[PDB]
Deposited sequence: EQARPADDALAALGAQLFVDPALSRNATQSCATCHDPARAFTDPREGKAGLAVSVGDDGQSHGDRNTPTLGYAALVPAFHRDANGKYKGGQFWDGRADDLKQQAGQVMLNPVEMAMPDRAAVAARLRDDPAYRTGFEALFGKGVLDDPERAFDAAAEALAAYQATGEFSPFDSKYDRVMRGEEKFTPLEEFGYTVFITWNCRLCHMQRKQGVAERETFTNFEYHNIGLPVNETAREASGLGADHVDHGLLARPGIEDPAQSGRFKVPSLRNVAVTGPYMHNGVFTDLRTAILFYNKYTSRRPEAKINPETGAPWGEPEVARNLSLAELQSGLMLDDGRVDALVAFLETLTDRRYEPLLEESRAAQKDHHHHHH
């Protein structure tokens, strides 16, 4: 049932029959050749790699939200996410659960596969069929293939090899500068399966991505409120906050941030200097030669963490890039420059 459930999810994952007009599968936007992101909507498509390590969405005892799926956490976990994305008009866009069940019923392999795991006639019950498909998709993403922990960083932490001087400097910067306040699992101690995110929600004051927003059709009067958009969240302190992404594979999953606003990994690193540096250049996005832009949501910024008092000089930017490239899974190392 473990292997079998995941194997069913693997077949679903590449099947365009789960899309409104049979045009795209999960693999369309999450290409395994590109760390399960889009090699070719208002938000950037995130990697599926290591998404299975994220806890279910919850409010912790200090009142911080953590975990969940989607950039705004609107899904509790992978199973709930799969159901949402199959029905979401901006992704798979299936009109309803009965339509999904009907596509499944049309395929003799799915009758066999789903009945063996969930019982005879499961595909005749739209709620049970849809829930089973979401569960199989979640199981598939929870396999080792999606989270293999075989990057250079992994090998170095196992003592199998060593960082280069530049990578070791980048590692030391990462763990002593503000990056570790958000892009490490734990506050202290050593994580067993580190994915370079504390699963929290933070507004880092990103500007709108003009061209993506234009193309989304959402209208220029649209504002993306991040976590506040999750149904049931009403707390106005959550407005503009987004889930901290895992930095695993980050070197190969550009463009960056929730809206794809920066094309280059170095730009994403330099953005943090806008909070710390007094140089005129720290104000300028190097990809455009113009000021970064005012925050899309000008409240709830994580100023305590971001206004660290220290600017990254170019050498430390080079070092962080080198360190972030060591978090690339083995099968993606050929993609590095």
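Q) Where along the deposited sequence are residues missing from the model? A) In sequence order, the gaps with no modelled C-alpha are 1-5, 46-62, 360-373.
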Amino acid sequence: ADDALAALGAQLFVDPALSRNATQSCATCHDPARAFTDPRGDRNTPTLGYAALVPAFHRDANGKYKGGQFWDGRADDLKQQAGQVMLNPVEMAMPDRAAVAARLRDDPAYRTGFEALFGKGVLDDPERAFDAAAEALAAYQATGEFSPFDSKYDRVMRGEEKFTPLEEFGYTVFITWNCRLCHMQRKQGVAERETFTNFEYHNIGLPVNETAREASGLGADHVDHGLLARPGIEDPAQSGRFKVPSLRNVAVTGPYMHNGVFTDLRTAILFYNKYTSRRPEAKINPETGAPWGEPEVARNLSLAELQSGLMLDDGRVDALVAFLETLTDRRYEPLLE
From here on, numbers count along this sequence of modelled residues.
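(Q) Mean Cα B factor from the PDB record: higher for 226-234, or higher for 242-250? (A) According to the PDB entry, the answer is 226-234.
(Q) Can you tell me whether 8-16 has a higher mean C-alpha B factor than 309-317 in this record, or the other way round? (A) The recorded data point to 309-317.
Q.
Between 46, 32, 293, 68, which one tops the list for Cα B-factor in this entry?
A. By C-alpha B-factor in the record, 293 ranks first.
Q: Could you say which of 80, 197, 164, 267 has its CA atom at the highest B factor, as listed in the PDB entry?
A: Most elevated C-alpha B-factor of the set, per the entry: 164.
Q: State the tercile, meaning the lowest, middle or highest third, of residue 277 with respect to the CA B-factors recorded for its chain.
A: It belongs to the highest third of the chain when residues are ordered by C-alpha B-factor.
Q: Would you please rank residue 302 by its C-alpha temperature factor against the other modelled residues of its chain and give the third it falls in: lowest, middle or highest?
A: It falls in the middle third of the chain.
Q. Going by the entry, which third of its chain does the Cα temperature factor of residue 205 land in?
A. It belongs to the lowest third of the chain when residues are ordered by C-alpha B-factor.
Q | residue 128 - which third its CA temperature factor falls in, relative to the rest of the chain | A | Residue 128: CA B-factor falls in the middle third of its chain.
Q) How does residue 96 rank on Cα B-factor within its chain, lowest, middle or highest third? A) Highest third, going by the recorded CA B-factors of the chain.
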